[PDB]
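Undergrad: Sharing upload.txt here; it has compact mmCIF, C-alpha atoms.
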# COMPACT_ATOMS: atom_id res chain seq x y z
CA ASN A 19 0.00 0.00 0.00
CA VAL A 20 2.71 2.49 1.04
CA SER A 21 4.71 1.21 -1.95
CA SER A 22 2.00 1.17 -4.62
CA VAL A 23 0.72 4.70 -3.88
CA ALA A 24 4.22 6.08 -4.18
CA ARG A 25 4.46 4.03 -7.36
CA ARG A 26 1.49 5.84 -8.90
CA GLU A 27 3.12 9.11 -7.89
CA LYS A 28 6.16 7.98 -9.87
CA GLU A 29 4.07 6.95 -12.90
CA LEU A 30 2.24 10.30 -13.06
CA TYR A 31 5.44 12.32 -12.75
CA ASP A 32 7.10 10.07 -15.31
CA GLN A 33 4.26 10.68 -17.72
CA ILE A 34 4.24 14.47 -17.26
CA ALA A 35 7.92 14.83 -18.12
CA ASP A 36 7.32 12.70 -21.18
CA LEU A 37 4.25 14.43 -22.49
CA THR A 38 5.97 17.82 -22.22
CA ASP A 39 8.78 16.16 -24.21
CA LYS A 40 6.57 14.72 -26.98
CA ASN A 41 4.94 18.15 -27.00
CA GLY A 42 8.42 19.40 -27.79
CA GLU A 43 9.28 17.01 -30.61
CA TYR A 44 5.93 17.73 -32.12
CA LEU A 45 6.02 21.48 -32.63
CA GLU A 46 9.62 20.93 -33.63
CA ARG A 47 8.15 19.24 -36.68
CA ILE A 48 5.29 21.65 -37.26
CA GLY A 49 7.88 24.39 -36.98
CA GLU A 50 9.86 22.95 -39.85
CA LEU A 51 6.84 22.12 -42.03
CA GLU A 52 5.41 25.60 -41.53
CA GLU A 53 8.83 26.77 -42.70
CA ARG A 54 9.09 24.78 -45.97
CA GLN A 55 5.50 25.64 -46.71
CA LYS A 56 6.46 29.28 -46.41
CA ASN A 57 9.42 28.72 -48.69
CA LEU A 58 7.46 26.67 -51.21
CA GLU A 59 4.73 29.36 -51.14
CA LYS A 60 7.32 31.93 -52.17
CA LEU A 61 8.99 29.73 -54.78
CA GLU A 62 5.73 28.87 -56.56
CA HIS A 63 4.87 32.54 -56.40
CA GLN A 64 8.10 33.57 -58.00
CA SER A 65 7.51 31.01 -60.80
CA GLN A 66 4.04 32.37 -61.50
CA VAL A 67 5.09 36.00 -61.52
CA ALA A 68 7.68 35.02 -64.11
CA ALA A 69 5.39 32.92 -66.33
CA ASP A 70 3.22 36.04 -66.32
CA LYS A 71 5.98 38.41 -67.26
CA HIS A 72 6.65 36.11 -70.19
CA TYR A 73 3.08 35.56 -71.21
CA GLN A 74 2.81 39.34 -71.36
CA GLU A 75 5.85 39.70 -73.56
CA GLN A 76 4.87 36.98 -76.05
CA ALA A 77 1.55 38.82 -76.14
CA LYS A 78 3.26 41.93 -77.43
CA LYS A 79 5.39 39.89 -79.83
CA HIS A 80 2.23 38.54 -81.44
CA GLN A 81 0.84 42.03 -81.58
CA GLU A 82 3.95 43.04 -83.52
CA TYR A 83 3.47 40.11 -85.86
CA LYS A 84 -0.19 40.90 -86.60
CA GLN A 85 0.98 44.39 -87.61
CA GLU A 86 3.93 43.36 -89.85
CA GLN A 87 1.36 41.21 -91.63
CA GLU A 88 0.43 44.35 -93.50
CA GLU A 89 3.71 46.29 -93.19
CA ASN B 19 -4.02 17.77 5.72
CA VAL B 20 -5.11 15.36 2.98
CA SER B 21 -6.98 18.05 1.03
CA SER B 22 -3.72 19.36 -0.44
CA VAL B 23 -2.56 15.86 -1.39
CA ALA B 24 -5.84 15.20 -3.09
CA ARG B 25 -5.61 18.62 -4.68
CA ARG B 26 -2.34 17.18 -5.87
CA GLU B 27 -4.24 14.22 -7.37
CA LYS B 28 -6.35 16.59 -9.43
CA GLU B 29 -3.46 18.99 -10.14
CA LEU B 30 -1.38 16.15 -11.66
CA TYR B 31 -4.15 14.24 -13.35
CA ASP B 32 -5.09 17.57 -14.92
CA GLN B 33 -1.62 17.98 -16.46
CA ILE B 34 -1.72 14.44 -17.87
CA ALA B 35 -5.02 15.42 -19.44
CA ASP B 36 -4.22 18.89 -20.87
CA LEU B 37 -0.99 17.40 -22.19
CA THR B 38 -2.28 14.15 -23.58
CA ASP B 39 -4.83 16.28 -25.39
CA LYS B 40 -2.44 18.76 -26.91
CA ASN B 41 -0.23 15.83 -27.87
CA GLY B 42 -3.00 14.74 -30.18
CA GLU B 43 -3.56 18.23 -31.56
CA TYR B 44 0.04 18.60 -32.56
CA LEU B 45 -0.36 15.30 -34.32
CA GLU B 46 -3.57 16.72 -35.84
CA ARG B 47 -1.45 19.54 -37.21
CA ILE B 48 1.42 17.40 -38.49
CA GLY B 49 -1.31 15.45 -40.25
CA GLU B 50 -2.84 18.51 -41.97
CA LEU B 51 0.63 19.70 -42.84
CA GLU B 52 2.24 16.47 -44.02
CA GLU B 53 -0.86 16.13 -46.18
CA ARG B 54 -0.86 19.66 -47.63
CA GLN B 55 2.81 19.29 -48.50
CA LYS B 56 1.91 16.23 -50.56
CA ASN B 57 -1.01 17.94 -52.25
CA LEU B 58 1.33 20.76 -53.22
CA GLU B 59 4.08 18.61 -54.54
CA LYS B 60 1.52 17.14 -56.90
CA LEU B 61 0.16 20.53 -57.80
CA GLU B 62 3.55 21.80 -58.82
CA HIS B 63 4.32 18.52 -60.51
CA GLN B 64 1.19 18.68 -62.62
CA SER B 65 2.27 22.19 -63.54
CA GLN B 66 5.55 21.02 -64.94
CA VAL B 67 4.09 18.27 -67.00
CA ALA B 68 1.64 20.81 -68.39
CA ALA B 69 4.46 23.22 -69.05
CA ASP B 70 6.52 20.44 -70.63
CA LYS B 71 3.54 19.59 -72.82
CA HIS B 72 2.74 23.05 -74.20
CA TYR B 73 6.43 23.51 -74.83
CA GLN B 74 6.62 20.31 -76.82
CA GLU B 75 3.54 21.59 -78.67
CA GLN B 76 5.12 24.96 -79.46
CA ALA B 77 8.32 23.29 -80.60
CA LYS B 78 6.16 21.46 -83.09
CA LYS B 79 4.22 24.56 -84.19
CA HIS B 80 7.69 26.05 -84.93
CA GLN B 81 9.08 23.32 -87.10
CA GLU B 82 5.79 23.46 -89.03
CA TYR B 83 6.44 27.18 -89.44
CA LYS B 84 10.14 26.98 -90.35
CA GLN B 85 9.05 24.28 -92.82
CA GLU B 86 6.85 26.82 -94.55
CA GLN B 87 9.43 29.62 -94.92
CA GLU B 88 10.98 26.97 -97.11
CA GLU B 89 7.54 25.79 -98.36
CA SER C 4 -0.56 -11.09 -53.64
CA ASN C 5 -3.54 -8.78 -53.14
CA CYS C 6 -5.46 -7.83 -49.99
CA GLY C 7 -9.16 -7.90 -49.16
CA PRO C 8 -11.67 -5.56 -47.45
CA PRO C 9 -10.25 -3.30 -44.69
CA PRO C 10 -10.29 -4.82 -41.17
CA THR C 11 -12.75 -3.13 -38.82
CA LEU C 12 -10.71 -1.28 -36.21
CA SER C 13 -11.60 -0.61 -32.59
CA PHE C 14 -10.16 2.91 -32.63
CA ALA C 15 -10.96 4.34 -36.07
CA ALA C 16 -13.50 4.07 -38.89
CA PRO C 17 -12.81 4.26 -42.66
CA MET C 18 -12.88 7.76 -44.15
CA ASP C 19 -15.65 7.59 -46.76
CA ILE C 20 -18.84 5.57 -46.24
CA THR C 21 -17.96 3.50 -49.30
CA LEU C 22 -19.06 0.08 -50.64
CA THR C 23 -15.84 -1.73 -49.63
CA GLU C 24 -14.94 -3.73 -52.78
CA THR C 25 -13.86 -7.24 -51.75
CA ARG C 26 -10.48 -6.85 -53.51
CA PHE C 27 -7.70 -4.25 -53.37
CA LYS C 28 -4.54 -4.10 -55.46
CA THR C 29 -1.22 -4.35 -53.62
CA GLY C 30 -0.21 -0.83 -52.57
CA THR C 31 -3.67 0.63 -51.90
CA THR C 32 -3.81 2.62 -48.65
CA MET C 33 -6.98 3.46 -46.68
CA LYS C 34 -7.48 6.63 -44.64
CA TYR C 35 -9.10 6.68 -41.19
CA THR C 36 -10.71 9.21 -38.84
CA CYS C 37 -10.33 8.66 -35.07
CA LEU C 38 -13.33 7.17 -33.33
CA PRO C 39 -15.06 9.31 -30.65
CA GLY C 40 -13.27 8.63 -27.39
CA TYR C 41 -9.89 8.44 -29.08
CA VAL C 42 -7.16 10.88 -30.12
CA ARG C 43 -4.43 10.61 -32.72
CA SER C 44 -1.31 8.78 -31.48
CA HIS C 45 0.59 8.69 -34.77
CA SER C 46 1.01 11.45 -37.36
CA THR C 47 -0.24 9.67 -40.46
CA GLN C 48 -3.51 7.81 -39.99
CA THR C 49 -3.41 5.04 -42.60
CA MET C 50 -2.93 1.35 -43.46
CA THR C 51 -1.03 -0.14 -46.41
CA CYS C 52 -1.17 -3.30 -48.55
CA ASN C 53 2.13 -5.17 -48.83
CA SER C 54 3.16 -7.92 -51.27
CA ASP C 55 2.04 -10.58 -48.78
CA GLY C 56 -1.71 -10.15 -49.30
CA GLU C 57 -2.06 -8.46 -45.92
CA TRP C 58 -3.05 -5.13 -44.34
CA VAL C 59 -0.17 -3.81 -42.21
CA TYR C 60 -0.33 -0.64 -40.08
CA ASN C 61 0.30 1.16 -36.81
CA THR C 62 -1.85 1.65 -33.72
CA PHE C 63 -2.65 5.30 -34.41
CA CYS C 64 -5.55 6.18 -32.10
CA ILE C 65 -5.25 6.00 -28.30
CA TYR C 66 -7.76 6.82 -25.55
CA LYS C 67 -8.62 10.40 -24.67
CA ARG C 68 -7.84 11.21 -21.00
CA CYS C 69 -10.69 12.50 -18.83
CA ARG C 70 -9.86 15.40 -16.58
CA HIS C 71 -9.86 14.76 -12.84
CA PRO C 72 -13.34 15.37 -11.43
CA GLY C 73 -13.03 17.85 -8.57
CA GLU C 74 -11.80 17.30 -5.02
CA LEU C 75 -14.14 15.08 -2.89
CA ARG C 76 -14.29 16.72 0.57
CA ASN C 77 -14.76 14.14 3.33
CA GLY C 78 -14.35 11.44 0.71
CA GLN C 79 -11.99 9.32 -1.35
CA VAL C 80 -11.79 9.36 -5.15
CA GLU C 81 -10.68 5.91 -6.26
CA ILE C 82 -8.73 5.50 -9.47
CA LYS C 83 -8.07 1.81 -10.13
CA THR C 84 -6.30 2.53 -13.39
CA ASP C 85 -6.43 5.98 -15.00
CA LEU C 86 -8.99 8.41 -16.34
CA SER C 87 -8.75 7.05 -19.90
CA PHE C 88 -11.92 6.78 -22.00
CA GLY C 89 -14.05 3.93 -20.68
CA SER C 90 -12.20 3.59 -17.32
CA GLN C 91 -14.43 3.72 -14.22
CA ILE C 92 -13.76 5.66 -11.07
CA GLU C 93 -15.52 4.99 -7.76
CA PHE C 94 -16.26 7.39 -4.93
CA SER C 95 -16.68 6.86 -1.21
CA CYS C 96 -17.05 8.88 1.97
CA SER C 97 -15.35 9.03 5.32
CA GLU C 98 -16.62 7.05 8.33
CA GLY C 99 -19.20 9.38 9.86
CA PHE C 100 -20.04 10.72 6.45
CA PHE C 101 -22.76 9.53 4.06
CA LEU C 102 -22.75 9.72 0.23
CA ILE C 103 -25.38 11.86 -1.52
CA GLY C 104 -24.92 10.96 -5.19
CA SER C 105 -23.71 8.21 -7.49
CA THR C 106 -21.19 5.67 -6.24
CA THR C 107 -19.37 5.42 -9.60
CA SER C 108 -18.60 7.45 -12.72
CA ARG C 109 -17.66 6.38 -16.29
CA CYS C 110 -15.40 8.40 -18.59
CA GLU C 111 -17.67 8.66 -21.63
CA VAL C 112 -17.89 11.04 -24.58
CA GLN C 113 -19.25 14.51 -23.82
CA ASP C 114 -19.43 17.09 -26.58
CA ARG C 115 -16.82 15.73 -28.96
CA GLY C 116 -14.17 15.28 -26.28
CA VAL C 117 -14.66 13.30 -23.05
CA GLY C 118 -16.36 13.80 -19.70
CA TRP C 119 -17.70 12.13 -16.57
CA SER C 120 -20.90 10.09 -16.87
CA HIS C 121 -21.93 10.98 -13.29
CA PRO C 122 -21.02 14.17 -11.39
CA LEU C 123 -19.08 14.29 -8.11
CA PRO C 124 -21.18 13.01 -5.21
CA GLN C 125 -21.78 14.90 -1.97
CA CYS C 126 -20.18 13.86 1.28
CA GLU C 127 -22.25 15.38 4.10
CA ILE C 128 -23.36 14.73 7.69
CA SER D 4 9.74 55.01 -34.86
CA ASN D 5 11.89 51.87 -35.16
CA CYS D 6 13.51 48.98 -33.25
CA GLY D 7 16.35 49.05 -30.71
CA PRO D 8 18.52 46.13 -29.46
CA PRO D 9 16.94 42.76 -28.43
CA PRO D 10 15.79 42.13 -24.82
CA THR D 11 17.59 39.27 -23.07
CA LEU D 12 15.37 36.21 -22.56
CA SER D 13 15.40 33.65 -19.76
CA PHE D 14 14.55 30.75 -22.07
CA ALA D 15 16.00 31.37 -25.53
CA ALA D 16 19.10 32.46 -27.38
CA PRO D 17 19.56 33.76 -30.93
CA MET D 18 20.41 31.46 -33.83
CA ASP D 19 22.30 34.17 -35.83
CA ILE D 20 24.65 36.09 -33.50
CA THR D 21 23.80 39.45 -31.88
CA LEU D 22 26.21 42.26 -32.69
CA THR D 23 23.64 44.54 -31.01
CA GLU D 24 23.40 47.24 -33.70
CA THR D 25 22.22 50.67 -32.49
CA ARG D 26 18.90 49.75 -34.11
CA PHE D 27 17.02 47.24 -36.30
CA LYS D 28 14.66 47.73 -39.24
CA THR D 29 10.91 47.77 -38.51
CA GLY D 30 9.60 44.32 -39.46
CA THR D 31 12.77 42.24 -39.11
CA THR D 32 12.23 38.91 -37.37
CA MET D 33 15.01 37.26 -35.39
CA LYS D 34 15.51 33.48 -35.00
CA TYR D 35 15.76 31.93 -31.51
CA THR D 36 16.79 28.54 -30.17
CA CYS D 37 15.86 26.90 -26.83
CA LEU D 38 18.22 27.32 -23.88
CA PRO D 39 19.45 24.08 -22.30
CA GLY D 40 16.80 22.97 -19.84
CA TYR D 41 13.94 24.37 -21.88
CA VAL D 42 11.66 22.96 -24.54
CA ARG D 43 9.26 24.61 -26.88
CA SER D 44 5.64 25.36 -26.07
CA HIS D 45 4.96 27.15 -29.36
CA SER D 46 5.42 26.23 -33.05
CA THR D 47 7.22 29.41 -34.11
CA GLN D 48 10.51 30.32 -32.41
CA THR D 49 11.04 34.04 -33.08
CA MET D 50 10.39 37.70 -32.37
CA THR D 51 9.73 40.53 -34.85
CA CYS D 52 10.02 44.32 -34.84
CA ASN D 53 6.67 46.13 -35.07
CA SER D 54 5.71 49.57 -36.39
CA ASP D 55 6.25 51.19 -32.96
CA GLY D 56 9.81 49.95 -32.73
CA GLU D 57 9.66 47.20 -30.11
CA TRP D 58 10.09 43.43 -30.19
CA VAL D 59 6.83 41.50 -29.90
CA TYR D 60 6.39 37.78 -29.28
CA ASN D 61 4.99 34.87 -27.29
CA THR D 62 6.71 32.69 -24.70
CA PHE D 63 7.88 29.86 -26.96
CA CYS D 64 10.10 27.98 -24.55
CA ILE D 65 9.00 26.61 -21.16
CA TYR D 66 10.81 24.35 -18.67
CA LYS D 67 11.84 20.84 -19.42
CA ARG D 68 10.73 18.46 -16.65
CA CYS D 69 12.76 15.81 -14.84
CA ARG D 70 11.37 12.37 -14.34
CA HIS D 71 10.58 11.01 -10.88
CA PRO D 72 13.82 10.19 -8.95
CA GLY D 73 12.42 6.84 -7.99
CA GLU D 74 10.52 5.30 -5.11
CA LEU D 75 12.31 6.03 -1.85
CA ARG D 76 11.94 2.77 0.09
CA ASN D 77 10.90 3.44 3.68
CA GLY D 78 11.39 7.17 3.17
CA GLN D 79 9.34 9.92 1.53
CA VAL D 80 10.11 12.32 -1.35
CA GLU D 81 8.81 15.87 -1.05
CA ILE D 82 7.77 17.64 -4.19
CA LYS D 83 7.13 21.20 -3.10
CA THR D 84 5.98 21.99 -6.63
CA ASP D 85 6.98 19.97 -9.71
CA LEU D 86 10.07 18.42 -11.20
CA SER D 87 10.44 21.26 -13.66
CA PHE D 88 14.05 22.53 -14.28
CA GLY D 89 15.65 24.19 -11.26
CA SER D 90 12.96 22.92 -8.90
CA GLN D 91 14.37 21.40 -5.70
CA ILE D 92 13.13 18.22 -4.09
CA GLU D 93 13.85 17.03 -0.50
CA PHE D 94 13.97 13.49 0.87
CA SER D 95 13.46 12.06 4.37
CA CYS D 96 13.20 8.75 6.19
CA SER D 97 10.52 7.04 8.26
CA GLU D 98 10.90 6.99 12.05
CA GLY D 99 12.61 3.58 12.18
CA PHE D 100 15.28 4.60 9.65
CA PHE D 101 18.10 7.10 8.87
CA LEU D 102 19.21 8.80 5.59
CA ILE D 103 22.32 7.62 3.75
CA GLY D 104 23.01 9.90 0.78
CA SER D 105 21.65 13.35 -0.09
CA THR D 106 18.82 15.26 1.51
CA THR D 107 18.19 17.68 -1.37
CA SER D 108 18.11 17.27 -5.19
CA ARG D 109 17.92 19.89 -7.92
CA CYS D 110 16.50 19.39 -11.46
CA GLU D 111 19.52 20.41 -13.51
CA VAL D 112 20.79 20.46 -17.12
CA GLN D 113 22.47 17.11 -17.76
CA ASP D 114 23.95 17.05 -21.29
CA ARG D 115 21.07 16.59 -23.76
CA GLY D 116 18.32 17.10 -21.20
CA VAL D 117 17.45 17.53 -17.56
CA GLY D 118 18.34 15.16 -14.72
CA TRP D 119 18.83 15.02 -10.91
CA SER D 120 21.69 16.97 -9.35
CA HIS D 121 21.86 14.29 -6.65
CA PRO D 122 20.62 10.65 -6.89
CA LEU D 123 18.28 8.81 -4.54
CA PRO D 124 19.42 8.49 -0.99
CA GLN D 125 18.82 5.23 0.82
CA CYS D 126 16.81 4.78 3.96
CA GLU D 127 18.82 2.37 6.12
CA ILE D 128 17.76 0.80 9.47
Could you render the structure as structure tokens?
TA:
Amino acid sequence: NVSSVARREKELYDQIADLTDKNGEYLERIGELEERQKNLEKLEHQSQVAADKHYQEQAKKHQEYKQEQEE
Amino acid sequence: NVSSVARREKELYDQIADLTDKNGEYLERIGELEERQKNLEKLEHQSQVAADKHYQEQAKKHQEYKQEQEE
Amino acid sequence: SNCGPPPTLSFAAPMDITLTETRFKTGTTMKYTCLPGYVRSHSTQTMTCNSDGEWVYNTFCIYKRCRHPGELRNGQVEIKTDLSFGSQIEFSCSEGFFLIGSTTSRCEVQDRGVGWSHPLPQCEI
Amino acid sequence: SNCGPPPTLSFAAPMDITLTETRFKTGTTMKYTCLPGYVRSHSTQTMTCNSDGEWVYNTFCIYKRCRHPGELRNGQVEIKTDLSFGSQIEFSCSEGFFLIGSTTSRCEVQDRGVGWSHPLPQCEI
């Protein structure tokens, strides 16, 4: 009795140190995913803003064509 | 006193709850995130195969053209 | 080489209420949502089909932990095990004192988390 | 209307060294790591410089926690508070017995985590 009660007290205190540790490994991971996904968000953005610069240029180059097709 | 050792029961058992619970919400987040990052990698992938296609189509619509400056 | 219909779990149910076709090609992976009473224990919540004609996976939903019910003045709160979903706790009073309430309480689902089936009893005189 | 040097923290240190410039640009966010003895309570580990010119943040590192020191046979272990970093515990024997070992223990940084500054004493006849 004296030795099973103090055993539960060990178990609880053992668990608490562990949960606050898991808790640590976990937002270690969501820290690094939230990071990539901020990087990837910027990369894909950069790509699009480029493929839009270019679509705009080719759109002028076809406007030039259409003209030269009388001149 | 045995009221402050049974306040200790609750005080501990409360940690093991509000920890165990936020353990499974960090997992909830790693889920959402590990998922998202997979849904993105396929979004960007499908945007390269589309880009590779339309390029391969333009490279054709060029050779057809070049083959008309001669024809 | 192929598997069959997904095994019914005791901690999670298949994602879509689908027909469950009696055959699945090797490699097919099913997604699962945690049953009420359970939380996520692993990150990914899935099961895969190997080249042995079997469904292999992790144990990815554990029991939610009930909070302690309050202090029981002039009484004992008896925790055989823990406050995990399903686990019972029993109450009792001191010697002079009599118990105005329920003797026992189950950790069942309340809202979409977990609570105590019966409230803390009274211990008066 | 801009940001001065960074305020020293009890729980975190920078990741990219502080030369403590006379000022910082409004909006710049600085990267922090956990001090030994601490773990993270929050996903993001930083602090930015707002439009007023001060650093603004949450408390992203809290204390690590030691495990129980073990069951003191025929003695009792007194946890004033918790086993959280730099918390002291005290031990003590039953009336029959006397203490061989240490009377106090501190939760201290022990290489890659937190341990007990002194081990369990024994309670001898």
Undergrad: Show me, as a list in words, the residues that have an atom within 10 Å of residue 31 (chain B) when counting only C-alpha atoms, minus same-chain residues fewer than 2 positions from it.
TA: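 Once the adjacent positions are removed, what remains is residues 30, 31 and 34 of chain A; 25, 26, 27, 28, 29, 33, 34, 35, 36 and 37 of chain B; 68, 69, 70, 71, 72, 85 and 86 of chain C.
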Undergrad: Can you superpose chain A onto chain B by least squares over all C-alpha atoms paired in order and give the moved copy as a PDB file with C-alpha atoms, in the coordinates of the input?
TA:
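Below you can see part19.pdb, which holds the result:
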ATOM      1  CA  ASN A  19      -1.299  19.021   4.637  1.00  0.00           C
ATOM      2  CA  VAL A  20      -3.367  15.877   3.954  1.00  0.00           C
ATOM      3  CA  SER A  21      -5.521  18.066   1.685  1.00  0.00           C
ATOM      4  CA  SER A  22      -2.817  19.952  -0.215  1.00  0.00           C
ATOM      5  CA  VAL A  23      -0.755  16.845  -1.075  1.00  0.00           C
ATOM      6  CA  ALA A  24      -3.813  15.156  -2.504  1.00  0.00           C
ATOM      7  CA  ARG A  25      -4.437  18.429  -4.313  1.00  0.00           C
ATOM      8  CA  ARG A  26      -1.074  18.237  -6.081  1.00  0.00           C
ATOM      9  CA  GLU A  27      -1.907  14.657  -7.006  1.00  0.00           C
ATOM     10  CA  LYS A  28      -5.066  16.015  -8.623  1.00  0.00           C
ATOM     11  CA  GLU A  29      -3.189  18.798 -10.451  1.00  0.00           C
ATOM     12  CA  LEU A  30      -0.608  16.398 -11.925  1.00  0.00           C
ATOM     13  CA  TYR A  31      -3.241  13.922 -13.088  1.00  0.00           C
ATOM     14  CA  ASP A  32      -5.310  16.781 -14.471  1.00  0.00           C
ATOM     15  CA  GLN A  33      -2.333  18.013 -16.437  1.00  0.00           C
ATOM     16  CA  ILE A  34      -1.423  14.584 -17.848  1.00  0.00           C
ATOM     17  CA  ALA A  35      -4.882  14.002 -19.300  1.00  0.00           C
ATOM     18  CA  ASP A  36      -4.713  17.444 -20.845  1.00  0.00           C
ATOM     19  CA  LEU A  37      -1.280  17.224 -22.360  1.00  0.00           C
ATOM     20  CA  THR A  38      -2.148  13.894 -23.997  1.00  0.00           C
ATOM     21  CA  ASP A  39      -5.210  15.750 -25.336  1.00  0.00           C
ATOM     22  CA  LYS A  40      -3.323  18.773 -26.725  1.00  0.00           C
ATOM     23  CA  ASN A  41      -0.921  16.197 -28.146  1.00  0.00           C
ATOM     24  CA  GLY A  42      -3.976  14.866 -29.933  1.00  0.00           C
ATOM     25  CA  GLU A  43      -5.293  18.127 -31.358  1.00  0.00           C
ATOM     26  CA  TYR A  44      -1.823  18.915 -32.524  1.00  0.00           C
ATOM     27  CA  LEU A  45      -0.999  15.983 -34.771  1.00  0.00           C
ATOM     28  CA  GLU A  46      -4.593  16.255 -35.898  1.00  0.00           C
ATOM     29  CA  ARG A  47      -3.476  19.487 -37.518  1.00  0.00           C
ATOM     30  CA  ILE A  48      -0.106  18.288 -38.757  1.00  0.00           C
ATOM     31  CA  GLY A  49      -1.974  15.335 -40.201  1.00  0.00           C
ATOM     32  CA  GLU A  50      -4.151  17.604 -42.286  1.00  0.00           C
ATOM     33  CA  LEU A  51      -1.350  19.972 -43.339  1.00  0.00           C
ATOM     34  CA  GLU A  52       0.853  17.056 -44.362  1.00  0.00           C
ATOM     35  CA  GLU A  53      -2.150  15.994 -46.431  1.00  0.00           C
ATOM     36  CA  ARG A  54      -2.777  19.257 -48.350  1.00  0.00           C
ATOM     37  CA  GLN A  55       0.936  19.588 -48.881  1.00  0.00           C
ATOM     38  CA  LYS A  56       0.864  16.178 -50.501  1.00  0.00           C
ATOM     39  CA  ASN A  57      -2.071  17.220 -52.638  1.00  0.00           C
ATOM     40  CA  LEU A  58      -0.580  20.586 -53.556  1.00  0.00           C
ATOM     41  CA  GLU A  59       2.709  18.801 -54.385  1.00  0.00           C
ATOM     42  CA  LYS A  60       0.841  16.645 -56.882  1.00  0.00           C
ATOM     43  CA  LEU A  61      -1.224  19.486 -58.334  1.00  0.00           C
ATOM     44  CA  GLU A  62       1.790  21.726 -58.991  1.00  0.00           C
ATOM     45  CA  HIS A  63       3.496  18.710 -60.481  1.00  0.00           C
ATOM     46  CA  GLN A  64       0.657  18.017 -62.829  1.00  0.00           C
ATOM     47  CA  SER A  65       0.705  21.690 -63.945  1.00  0.00           C
ATOM     48  CA  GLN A  66       4.420  21.556 -64.697  1.00  0.00           C
ATOM     49  CA  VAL A  67       4.268  18.297 -66.603  1.00  0.00           C
ATOM     50  CA  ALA A  68       1.601  19.919 -68.754  1.00  0.00           C
ATOM     51  CA  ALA A  69       3.391  23.241 -69.340  1.00  0.00           C
ATOM     52  CA  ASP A  70       6.242  21.016 -70.508  1.00  0.00           C
ATOM     53  CA  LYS A  71       4.158  18.951 -72.856  1.00  0.00           C
ATOM     54  CA  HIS A  72       3.049  22.228 -74.392  1.00  0.00           C
ATOM     55  CA  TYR A  73       6.415  23.887 -74.494  1.00  0.00           C
ATOM     56  CA  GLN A  74       7.584  20.819 -76.391  1.00  0.00           C
ATOM     57  CA  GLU A  75       4.788  21.028 -78.911  1.00  0.00           C
ATOM     58  CA  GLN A  76       5.167  24.757 -79.625  1.00  0.00           C
ATOM     59  CA  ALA A  77       8.831  23.884 -80.100  1.00  0.00           C
ATOM     60  CA  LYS A  78       7.954  21.570 -82.953  1.00  0.00           C
ATOM     61  CA  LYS A  79       5.474  24.083 -84.366  1.00  0.00           C
ATOM     62  CA  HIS A  80       8.269  26.633 -84.656  1.00  0.00           C
ATOM     63  CA  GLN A  81      10.456  24.020 -86.244  1.00  0.00           C
ATOM     64  CA  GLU A  82       7.739  23.537 -88.859  1.00  0.00           C
ATOM     65  CA  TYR A  83       7.578  27.273 -89.416  1.00  0.00           C
ATOM     66  CA  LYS A  84      11.341  27.677 -89.902  1.00  0.00           C
ATOM     67  CA  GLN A  85      11.071  25.006 -92.616  1.00  0.00           C
ATOM     68  CA  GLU A  86       8.031  26.427 -94.492  1.00  0.00           C
ATOM     69  CA  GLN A  87      10.067  29.626 -94.633  1.00  0.00           C
ATOM     70  CA  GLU A  88      11.778  28.083 -97.619  1.00  0.00           C
ATOM     71  CA  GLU A  89       9.048  25.659 -98.754  1.00  0.00           C
TER      72      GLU A  89
END
Undergrad: Skipping near chain neighbours, those fewer than 6 positions away, what residues fall within 10 Å of residue 112 (chain D) using only C-alpha atoms, listed as a PyMOL selection string?
TA: chain D and resi 38-41+67+69+88-89+118-120
Undergrad: Give me, as a Markdown table, each residue of region 31-65 of chain A that comes within 9 Å of region 53-66 of chain B, together with its shortest interatomic pair and the distance in Å at one decimal, counting only C-alpha atoms, with rows ordered by chain and rising residue number.
TA:
| residue | atom | partner | partner_atom | distance |
| --- | --- | --- | --- | --- |
| A:51 | CA | B:55 | CA | 8.1 |
| A:54 | CA | B:55 | CA | 8.7 |
| A:55 | CA | B:55 | CA | 7.1 |
| A:58 | CA | B:58 | CA | 8.7 |
| A:62 | CA | B:62 | CA | 7.7 |
Undergrad: Considering only C-alpha atoms, return as a list in words whatever protein or nucleic-acid residues lie within 6 Å of residue 6 (chain C), sequence-local ones (same chain, fewer than 4 positions apart) excluded.
TA: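 Those residues are residues 27, 56 and 57 of chain C.
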Undergrad: Taking all atoms listed in the file into account, what are the residues of chain D at most 12 Å from chain B, put as a PyMOL selection string?
TA: chain D and resi 44-46+81-86
Undergrad: Around the point (5.5, 16.2, -29.3) in the file's coordinates, collect all residues with an atom within 10 Å, using all atoms listed in the file, and return them as a list in words.
TA: residues 36, 37, 38, 39, 40, 41, 42, 43, 44, 45, 46, 47 and 48 of chain A; 37, 38, 40, 41, 42, 43, 44 and 45 of chain B; 43 and 44 of chain D
Undergrad: Could you work out an axis-aligned bounding box for all listed atoms of region 96-114 of chain C, with 6 Å added on each of the six sides, and give its centre and edge lengths in Å to one decimal, as JSON?
TA:
{"center_x": -20.4, "center_y": 11.3, "center_z": -8.4, "size_x": 22.0, "size_y": 23.7, "size_z": 48.4}
Undergrad: To one decimal place in Å, what is the distance between CA of residue 93 (chain C) and CA of residue 115 (chain C)?
TA: 23.8 Å
Undergrad: What is the CA of residue 78 (chain D)-CA of residue 91 (chain D) distance in Å, reported with one decimal?
TA: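 Straight-line distance from CA of residue 78 (chain D) to CA of residue 91 (chain D) works out to 17.0 Å.
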Undergrad: In Å to one decimal, how far is CA of residue 97 (chain C) from CA of residue 74 (chain D)?
TA: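 Going from CA of residue 74 (chain D) over to CA of residue 97 (chain C), I get 28.1 Å.
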